[PDB]
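*Asks:* okay, structure incoming, though there's no sequence with it:
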Ligand SMILES: Cc1ncc(C[n+]2csc(CCOP(=O)(O)OP(=O)(O)O)c2C)c(N)n1
Ligand SMILES: Cc1ncc(C[n+]2csc(CCOP(=O)(O)OP(=O)(O)O)c2C)c(N)n1
Ligand SMILES: [Mg+2]
Ligand SMILES: [Mg+2]
């Protein structure tokens, strides 16, 4: 988030595990307030993080929430996210095996 | 000791100028020494002054300020045409003119580079209609005058002229403490609200940006404005790249009835038009076949602007544009046009005009500057959609052929990180070819395409297709670098006839950032881009006896 | 139909103009057709407008009138420097500028080649200080205006400017019946007598002629004047060849204290000076070290004159000179100085500057024109004695480098019977090289010497000998014709390093009148003519 604020011109892509995100998740508040637009991928594997932005008061005009399970879904959401520089993306990846 | 020369150069540094172009003469030597000694400034000497002025122009386009040095009389009058073109298209170029010692000027002697009438004031007078400010420096007025004219450059971004007598350059002065350069008593605030109110209300708005945006280096501002709002945007070819064409709300180039139908219909059916830094010229409006209803339009320019046919006098162009970012609750929720872009599949077919530009569009990459000379090149190239973070240089208002060669080189020097692609016709290259020397010396690496169609095709399309005045001597263009002293480790020379060859050489060139490419394209004389088939008939119609 | 365009061209024919130079543009295309149609006029299109203007200048020098065509804005402003130089050295050049239709100009449209301010009058205004007359033609005023400005050209032999809108060129007009264009007479008669009386009395007179003689094509008059009288004569370098240098009473070039001592002493000890068409400039008077006492001098110029420090305003320059033939009983019985004609003996020694010009002087032939660019070339070449019926082109007042290349070509076209020898430096050739194309197309046969001394030597001699701004990118000059599409049956390329090589190539070139010669001379960067060793120190002083 800090880095993203440091350079608005560089689109940040975050890859964090659900376990770790829990430790600092509260900064989701700041993300919403500061209207910054990173692409956050939260890899699964204990709470239901998908609907976290909504809890922190974000609307679909601010944060877009996704769940990805397949390859097609992944490709689609990646392109969709990169295509939209004006919103933050909150993407839950479910990895196989 | 610190001198007037030093002062001028430090001031030029503050404008962001890192290279000065031009040609030595006896009356500008010595100041030339001062340029050398300044470590933050590099001398890039041209073959001729006209080329220098064109090169400074191109430099200004990219660096956002430029300067070149000539010698009194022969130098300045050689460059006047390029300076004229810098005035016409509004580029911030300083011309420095080294002149004889004030002792000689006052004694009114018949010295070289004069009319032997002892008058030293003719040439500055001749520069009146093509400069925003001019000055003949004295030891006394120097600092004031330098600051006056450089301020005017900042204000208007039009070229300015400084006559620097030998002895005046060597005269004492103190380092500048205060920097160079209100709100129009915030009369800009009313305008912003009217723009904002109009934009909130519009069911289908169009932003049209133009050359003046480039003049002030506001491209990134505009791009960021369009990005957040998602407002539909088009540019004229006079100001191509005043926005990032890769944005999803960029429609293409609006050029009167020569526009692609969908864009034409979008623009001309809009309920609100916001024109920023635009001038409607014959070549940029499809021979004045534009339909931009003034009653639903707010236009802003450097000098003036209009709110729904009501002229405003009093505002600050630069910050007014900048303020567009602080508008709010602007978001376009409508559709655009079908930006369906296809893929080029080459064959062994000989290279045609339309196919060339199709290939160029498909093969162009990001972080590139595209320079196109008047003629087939401009007509074809200007219609291309650029990749992200790309730039375009064309001169469709002033329209001086030969320009793009030096200009390309200047621009390339201005930003080493942006790969320049030059498209110049055989006819035009002949005007300014000598700068090939500089290209080799400066070890810059542009990709030059020379369109050899055995003459002035655009002229052949306007009038006299078969007349001898449209033929030019046929040089062997590919063998030019060798003549000018280039080796294969500096310049790569090709001749291209087919589509496959073209694709291959394009990729090969873009793949090698460390060498300049000199590519001779063989197109037919009869061959012209679709756009020009029409526009040539329209030029003839303008010039009907 | 007969048109305004036709009128202009017929008028131009009467001035003796047989070729028109320039560069096409949309606003001059239709008139360009008219040039083609006229069988008595040939279009010779250049690469750029500046080159065109230089080429028209050179043409004027020889043909005694010239014209070139440009397009509004971009064309005319490119050429302005060359036109300026035509004003400065007083050459009769017509610039025709094709402009948009009067309909477009009146509606004040933002059309190409304008500042998008709807003003069509800027560029003509910019031409004010470097033209003797200008006009923006209309359908109504055309014939009158063409005649007005072409008359001014005849009067002053300075360049003139005609703005020709597309539609105005196509507008109906009648063929001219009267030819193109006196007052002062009693003061002409007085002057002639004063000249004649002074000449009969002088125990040691000197005639000094200058550029204005060339301007009016009075060279033959002057030569015939000097021949009958046997009067001592010298020219400045500003007007070299205003007399036949082969005459026995021609002393050499007077150039202040840089003059050869004997000439210097002759001129400056004269008891009577007759200066015709002369202007004293820094470069033509050895940095103003001339000593021409005004009290023993009658000077005549186009614009004004002096009889022993008494200004005249009222006279006709041309016929006043012509009248010098109708004097009587003038015959000089005194001595001259000394023409130490010594054959050049070449060795395998590398080519030096002083040796070059010695060789050129010895090897030059009759019926030749010598063109020399500012720099080592001008300094060396201007001091040469030309052979009989020879000519010289140099531009020491305006002093625009690059000039001599196009100018040489124009002059060569002007008189196919005079073999041109061009001496241009590497530095200068870079400005105007593109005209090599035209040279090949027009199948003209000049002998071009390129003095490759690896930069601007003259600048190196004034200031900053080792500075980077005095270096130029080094081209392979000999390989230039090939690049521009010449074959060996059109252009012969040489590289010369030694004296023997030079002599050989000179003779070989002069022996072959059917091909152009492209000769690259290798001189050292430090090497400069004796004249320049001094004159360079004096430029620095200024
Ligand atoms: C149009 C123009 N630009 C610049 C100058 C300044 N200038 C005068 S002589 C000269 C050097 C030319 O050198 P070159 O042609 O190599 O001759 P060299 O003295 O080396 O034989 C220069 C740059 C000028 N006189 N005219
Ligand atoms: C300085 C200048 N001189 C003349 C013109 C007139 N003019 C405009 S385009 C053109 C022909 C360009 O021919 P070329 O570069 O060969 O283009 P192409 O054949 O690719 O159309 C001419 C002569 C001009 N615009 N600018
Ligand atoms: Mg072409
Ligand atoms: Mg040289």
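*Replies:* The structure has been received and is ready for your questions. Numbering: from 1, shown residues only, chains lettered A, B, ... in the order given. Ligands and ions are numbered 1, 2, ... in the order given.
*Asks:* only C-alpha atoms for contact and neighbour calcs from this point on.
*Replies:* Fine.
*Asks:* what secondary structure does the residue of chain A found nearest chain B sit in?
*Replies:* Nearest residue of chain A to chain B (CA to the nearest CA) works out as residue A:86 at 6.4 Å. When classified by DSSP: H, G, I helix; E, B strand; the rest coil, residue A:86 comes out as coil.
*Asks:* isn't it right up against residue B:229?
*Replies:* No. At 9.2 Å, residue A:86 does not count as touching residue B:229 under the criterion of CA atoms under 8 Å.
*Asks:* show me where chain A has helices.
*Replies:* A:2-6, A:18-24, A:28-33, A:52-55, A:71-83 (DSSP state H).
*Asks:* compare those helices and give me the one nearest ligand 3.
*Replies:* helix A:71-83 (40.2 Å; CA to the ion).
*Asks:* quick one: buried residues of the closest one?
*Replies:* A:74, A:77-78, A:81-82 (16 or more other CA atoms under 10 Å in any protein chain shown).
*Asks:* show me what residue of chain A gets nearest to ligand 1.
*Replies:* Distances between chain A and ligand 1 by CA to the nearest ligand atom are smallest at residue A:9, namely 45.9 Å.
*Asks:* list phi and psi for that residue.
*Replies:* Phi and psi for residue A:9, reported as degrees, to the nearest 10, are phi -80, psi -10.
*Asks:* and the residue of chain A closest to ligand 4?
*Replies:* residue A:9 (51.1 Å).
*Asks:* so how far is chain C from that residue?
*Replies:* 37 Å (CA to the nearest CA, to the nearest Å).
*Asks:* could you do residue A:28 as well?
*Replies:* For residue A:28, the distance to chain C - CA to the nearest CA - is 54 Å.
*Asks:* that residue reaches residue A:57, doesn't it?
*Replies:* No. In this structure, residue A:28 is not within contact of residue A:57 by CA under 8 Å, at 10.0 Å.
*Asks:* which of those two has more neighbours?
*Replies:* residue A:28 (16 against 13; other CA atoms under 10 Å in any protein chain shown).
*Asks:* the residue of chain A closest to ligand 1 - how many residues pack around it?
*Replies:* Residues near residue A:9, counting by other CA under 10 Å: 10.
*Asks:* again with residue A:91
*Replies:* 24.
*Asks:* quick check: it touching residue A:40?
*Replies:* Yes. Counting by CA under 8 Å, residue A:40 is a contact partner of residue A:91 at 5.9 Å.
*Asks:* for residue A:67, give me its contacts.
*Replies:* A:50, A:91-94 (CA atoms under 8 Å, 6 or more residues apart in numbering or on different chains).
*Asks:* adding distance to ligand 4 as columns, could you present those in JSON lines?
*Replies:* Formatted as JSON lines, those follow (distance: CA to the ion, whole Å):
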{"residue": "A:50", "distance to ligand 4": "77"}
{"residue": "A:91", "distance to ligand 4": "70"}
{"residue": "A:92", "distance to ligand 4": "72"}
{"residue": "A:93", "distance to ligand 4": "72"}
{"residue": "A:94", "distance to ligand 4": "75"}
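*Asks:* in strands, which of the residues you listed appear?
*Replies:* A:91-94 (DSSP state E).
*Asks:* buried ones in stretch A:81-90, by neighbour count?
*Replies:* A:81-82, A:85-90.
*Asks:* list the contacts of it.
*Replies:* Contacts for stretch A:81-90 (CA under 8 Å, 6+ apart): A:11, A:35-42, A:50, A:53, A:61-66, B:227-228.
*Asks:* kindly write the ChimeraX command that selects the buried subset of the residues you listed.
*Replies:* The following ChimeraX line selects those of the contacts of stretch A:81-90 that are buried, judged by 16+ other CA under 10 Å:
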select /A:36,37,38,39,40,41,42,53,62,63,64,65,66 /B:227,228
